[PDB]
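Notes for the structure review
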Amino acid sequence: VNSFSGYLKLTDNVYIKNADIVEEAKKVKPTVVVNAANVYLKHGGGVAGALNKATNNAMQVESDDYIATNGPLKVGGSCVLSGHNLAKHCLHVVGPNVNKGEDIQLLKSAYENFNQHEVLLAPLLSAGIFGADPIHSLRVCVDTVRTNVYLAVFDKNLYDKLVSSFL
Ligand SMILES: N#Cc1c[nH]c2ncnc(Sc3c(F)cc(F)cc3F)c12
């Protein structure tokens, strides 16, 4: 039993809800919140911009030190950093950005990072400003992630479409 509330169950391990991931993280304080990161951990907009703002820029400060030490992530890769006031940990996962020409096949690799954590609160990877089809992102999620994932979908209109078209 966990503290996530109001989710629709899609599969044995994938759950979904119309919610603002920032407000959902602040309420649940999950072990792991997933950020829709880029390789530079520059959290400017989309989910990353919103998560970073909620930490009062502490996520960005931590991230800049991480990059100065380690260099950029790979597309499809991830790193674990602090969750600050939102979660115990933040798993920064880089899905391919379609508006950058990156191979959508890397989306499966990106979701594989979720399997290193038993339970996660997460957005759909590569959705929103990363330009991929959210219906496709949900399909890859369900077909790749084996651990317990609670998906927050900000757009109520998109959420209803994701539910109604789910196979
Ligand atoms: N900005 C911003 C946000 C603030 N809270 C959020 N909670 C969830 N998602 C997003 S952005 C987004 C989207 F619009 C569509 C999609 F398919 C995947 C996404 F990550 C935000």
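Residues numbered from 1 in each chain as written, not as in the entry; some residues may be left out. Heavy atoms only, no water.

**Notes on the nonpolar core**
This is how it is decided: Each nonpolar core is a collection of buried residues, namely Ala, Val, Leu, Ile, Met, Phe, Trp, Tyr and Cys, held together in the definition by side-chain atoms within 4.5 Å. Using a 1.4 Å probe on the protein chains alone, a residue whose accessible area is under 20% of its type maximum counts as buried, one over 50% counts as exposed, and one in between counts as partly exposed. Only DSSP runs of H or I covering at least 4 residues are called helices, and only runs of E covering at least 2 are called strands; the numbering of each starts at the N terminus. A contact between two residues is defined here by any heavy atoms of the two lying within 4.5 Å.
With 26 residues, the main nonpolar core has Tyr111, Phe114 and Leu151 as its most contacted residues. Taken together, the elements giving at least two residues each to this core come down to strand 2 (14–18), strand 3 (32–36), strand 5 (89–93), helix 4 (106–112), strand 6 (119–122), helix 5 (134–144), strand 7 (148–153) and helix 6 (156–164). Sorting elements by how many residues they give to this core places helix 5 first, with four residues. If we skip the residues at most four places from it in the chain, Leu151 touches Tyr7, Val14, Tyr15, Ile16, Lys17, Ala122, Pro123, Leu124, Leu138 and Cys141. Ranked by size, the runner-up nonpolar core spans 17 residues in total, among them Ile21, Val28, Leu51 and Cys90.

**Comments concerning the site of the ligand**
In plain terms, the rule: Summary of the distance rule: residues count as near a molecule or strand when at least one heavy atom falls within 4 Å of that molecule or strand. Within 3.5 Å is the distance limit for a polar contact, defined as a pair of N or O atoms, with the added protein rule that one can donate a hydrogen and the other accept it, and that residues adjacent in sequence qualify only through two side-chain atoms. The Shrake-Rupley method, run with a 1.4 Å probe sphere, supplies the accessible areas, and residue values consider only the shown protein chains as cover. In this classification, the charged set is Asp, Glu, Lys and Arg, the nonpolar set is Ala, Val, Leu, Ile, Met, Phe, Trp, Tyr, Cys and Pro, and all remaining amino acids, among them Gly, are polar.
In the region of the ligand, 13 residues are neighbours, and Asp20, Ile21, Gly46, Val47 and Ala127 sit closest. Side-chain polar atom of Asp20 to a nitrogen atom of the ligand: 2.9 Å apart, as the coordinates give it. In this structure, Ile21 approaches the ligand through a main-chain N or O atom, which is 3.3 Å from a nitrogen atom. Coverage of the ligand by the protein amounts to 81% of the 450 Å² it exposes when considered alone. At three residues, the largest contribution of residues to the shell around the ligand is made by helix 2 (residues 46–54). Across the shell around the ligand, the residue classes break down as ten nonpolar, two polar and one charged.

**Focus: helix 1 (residues 21–28)**
For clarity, the cut-off: What the arc covers is the set of directions going from the helix axis to the C-beta atoms.
Inspection of helix 1 places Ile21, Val22, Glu24, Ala25 and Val28 among the buried residues, and these make up the whole buried set. The buried residues of helix 1 occupy one face: seen down the axis, they fall within an arc of 165°. Those residues of helix 1 that are buried lie in contact with strand 2, strand 3, helix 2, strand 6 and strand 7. Two to three positions downstream of the cap, the backbone nitrogen of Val22 sits 3.0 Å from a side-chain oxygen, assigning the N-cap of helix 1 to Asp20. Just downstream of helix 1, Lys29 is the residue with a positive phi angle, here 50°.

All quantities given are derived from atomic positions and should not be read as evidence of function.
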